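Working notes for the structure below.
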Amino acid sequence: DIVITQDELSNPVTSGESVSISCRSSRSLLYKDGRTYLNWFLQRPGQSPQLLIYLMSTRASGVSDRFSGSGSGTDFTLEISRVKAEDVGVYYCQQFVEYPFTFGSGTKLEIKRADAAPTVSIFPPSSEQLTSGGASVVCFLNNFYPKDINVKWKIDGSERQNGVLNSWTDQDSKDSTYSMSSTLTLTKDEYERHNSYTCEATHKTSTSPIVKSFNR
Amino acid sequence: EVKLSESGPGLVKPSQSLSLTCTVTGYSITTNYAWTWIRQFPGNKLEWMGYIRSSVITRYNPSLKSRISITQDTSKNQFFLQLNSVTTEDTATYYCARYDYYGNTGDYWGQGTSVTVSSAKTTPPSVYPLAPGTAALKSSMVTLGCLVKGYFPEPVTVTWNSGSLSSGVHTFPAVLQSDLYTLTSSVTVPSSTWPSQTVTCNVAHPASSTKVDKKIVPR
């Protein structure tokens, strides 16, 4: 069936700039009625896909006039004019000229904003978790930009890698930052063998890591 | 207002049939459209599954072989997906949508429903409060949280103060290990408001019919 390819955006876009996103079909999507059967969708973080453009260049009802589609029968462009923070998400094309109405794999738009250092907080295990024999130590690294960040755990001054799980949010639709959580899980018995628990965040906004600790 | 909404089990065992319902409001499934099922896999690839039109005429993606049936019940304004003999590869978020001849869906996609295909057991989360170690720089802000540990399947929903606290919240994607998920949620409030005023996270896990409230109390 028809192969749809999308280009990645290599660079983040500052609010107010415009950006073009492209997709390509292995087969022409121009139909015998003279219409070209290509749709564009935006999937904002955590939401269902929203149709922006159908028939290659027709805007869906309610869609901002900042979104416009153009192209030939095989190469298509979505232009986003004067990008706003809320435009962040993944843009998909879909061919609608023959079954199985294939989608491209998406193009993620990232918004460029001013560098922001993470707000770091660390939390000891709760009494409740300790009663069940477990001990998770949690560190939040909130509202930073750009997305690249490193978290290191130290117990009694020794770097600890085992038992660490990390999770990252998508870019925020309002302030264009990212956040991350890191959780170190140990048994209660192992937790109680040590005193000092530390999470260290290294980010481009500083030469020295932001360090947060507590003592059991 | 044309709306569509999916419902059905969030967990199905391998080899059994997955069934989902799409309930259409503000529009008759007798108006002339391709009432469509689409799914989005982990990692976000989208796949068109098929449609029903004119009550009884269907078409399906060949990728699904002979495993898919779409039907409808005009009396209930509902159409249905049945996908037989599922495997873990069928784990996805399932959407229903209304397509017209020209590919226009309007705003008419459902919110989506997660279905996990797994032999693992439904398990409700343990919810633990995350309260600051000692004190720090007040007259500014304080970050609290809750740790939602050891549930299956996805999803959970987290709110703070029953949804009254919506600003300054970060709920992180879950991480899976040993057939159990864990996620955390942080909330940041002015330090003048806590501990003076209470902060509670509310955690719902529909798949196990459990909802837990955890008040965050100072250590």
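So basically every Cβ, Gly included, is an ideal-geometry build from the backbone, and we count neighbours across all protein chains shown. What follows draws every value from the coordinates through simple rules; no lab data is involved.
How long are the semi-axes of the equivalent ellipsoid of the protein assembly as shown, taking √(5λ) for every eigenvalue λ of the Cα gyration tensor, in whole Å from largest down?
Working: eigenvalues 362, 142, 71 Å².
That gives 43, 27, 19 Å for the three semi-axes.
Give a quick list of trypsin sites (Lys or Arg not before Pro) in the range B:67-165 that DSSP marks as loop, anything other than H, G, I, E or B, with at most 13 other Cβ atoms within 10 Å.
Details: sites: B:67, B:76, B:98, B:121, B:138, B:149; in loops: B:67, B:121, B:138.
Sites meeting the loop and neighbour criteria: B:121, B:138.
Simple spin-label model, 7 Å along Cα-to-Cβ: residue B:17 to residue A:189 in nm?
Reported label-point gap for residue B:17 and residue A:189 is 5.0 nm.
How high is the relative contact order of chain A? Use alpha-carbon pairs under 8 Å, at least six apart in sequence, and give a whole percent.
Details: 513 pairs, mean separation 39.5, N = 216.
Here the relative contact order equals 18 percent.
Greater than 30 Å separation of Cα atoms is the criterion. Which listed pairs, A:174/B:138; A:188/B:13; A:84/B:149; B:138/B:214, meet it? Before the final figure, lay out the partial values.
Working: A:174/B:138 26 Å; A:188/B:13 34 Å; A:84/B:149 36 Å; B:138/B:214 23 Å.
The answer is A:188/B:13; A:84/B:149.
Please express the shape of the range B:1-132 as an equivalent ellipsoid: the semi-axes are the square roots of 5 times the eigenvalues of the C-alpha gyration tensor, given largest first in whole angstrom. Could you put the intermediate results ahead of the total?
Numbers: eigenvalues 156, 70, 37 Å².
They are 28, 19, 14 Å, listed largest first.
Tell me, what are the semi-axes, in whole angstrom and largest first, of the equivalent ellipsoid of the range A:1-113 as set by the roots of 5 times the Cα gyration tensor eigenvalues?
Details: eigenvalues 111, 39, 32 Å².
Output for the range A:1-113: semi-axes of 24, 14, 13 Å.
Of the options A:187, A:144, A:99, report the single residue whose Cα projects farthest towards the positive end of the charge dipole of the range A:95-216 (beta-carbon charges: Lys, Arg +1; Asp, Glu -1).
A:144
In Å and from the alpha-carbon atoms only, list the Rg and Dmax of the range B:120-219.
Here Rg and the maximum Cα pair distance are 14.0, 47 Å.
Work out the charge dipole of chain A with +1 on the Cβ of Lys and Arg and -1 on the Cβ of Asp and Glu about the Cα centre, then indicate which of A:15, A:29, A:58 is farthest towards its positive end.
Ranked along the dipole, the leading option is A:15.
Rounded to a whole number of µm²/s, how large is the Stokes-Einstein D of the range B:79-135 at 10 °C and 1.306 mPa s, given Rh as the Kirkwood radius over C-alpha pairs? Mind dumping the intermediate values first?
Working: Rh = 15.7 Å.
Answer from the Stokes-Einstein relation: 101 µm²/s.
Given +1 on the Cβ of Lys and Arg, -1 on the Cβ of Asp and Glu, and no further charges, what dipole in debye does the range A:114-216 carry about its Cα centre, rounded to the nearest 20? Present the calculation step by step, with values, prior to reporting the outcome.
Numbers: 10 positive and 12 negative charges, 30 e Å.
Charge dipole, the range A:114-216, about its Cα centre: 140 debye, nearest 20.
To one decimal place, what Kirkwood hydrodynamic radius in Å is obtained for the range A:159-216 from all pairs of distinct Cα atoms? If you can, show how the numbers build up before the last one.
Details: mean 1/r = 0.0729 Å⁻¹.
In the range A:159-216 this quantity evaluates to 13.7 Å.
With charges set only on the Cβ (+1 for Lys and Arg, -1 for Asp and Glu), what does the dipole of the range A:1-113 come to about its Cα centre, in debye to the nearest 20?
On the way: 12 positive and 12 negative charges, 38 e Å.
That gives the range A:1-113 a dipole magnitude of about 180 debye.
So what's the back-of-envelope 222 nm ellipticity for chain A, counting only DSSP H runs of four-plus at -39500 (n - 2.57) apiece and dividing by all residues, rounded to 500? Working shown, then result.
On the way: 2 runs with 9 residues, N = 216.
Only helices count here, giving -500 deg cm²/dmol.
Per-residue Cβ counts within 10 Å, from other chains only, averaged over A:50-58: what number is that? Spell out each step's value before the answer.
Values: counts 4, 9, 0, 2, 7, 3, 1, 0, 3.
Per residue, the average neighbour count from other chains is 3.
Per-residue HN-Hα couplings for the range B:73-79, Karplus 6.51 cos²θ - 1.76 cosθ + 1.60 at θ = phi - 60°, whole Hz, x for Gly and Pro?
Using θ = phi - 60°, the values come out as 10, 4, 4, 9, 6, 10, 10 Hz.
First obtain the Kirkwood hydrodynamic radius of chain A from its Cα pairs, then insert it into the Stokes-Einstein equation at 20 °C and 1.002 mPa s, and state the resulting D in µm² per second as a whole number.
Working: Rh = 20.1 Å.
Once the numbers are plugged in, D ends up at 106 µm²/s.
Just counting partner chain Cβ atoms within 10 Å, what average do the residues of peptide A:116-129 show around their Cβ?
Working: counts 0, 0, 0, 4, 1, 10, 4, 14, 5, 3, 12, 5, 6, 6.
The per-residue average across the peptide is 5.
Go through A:138-148, A:193-203, A:1-11 and give me the packing order, highest mean Cβ count within 10 Å leading.
Working: A:138-148: 21.5, A:193-203: 18.8, A:1-11: 13.5.
Answer by packing, highest mean first, reads A:138-148, A:193-203, A:1-11.
Taking only the alpha carbons of the range A:114-216, what extent do you get along each of the three principal axes, in Å, biggest first?
Cα extents, longest axis first: 44, 27, 19 Å.
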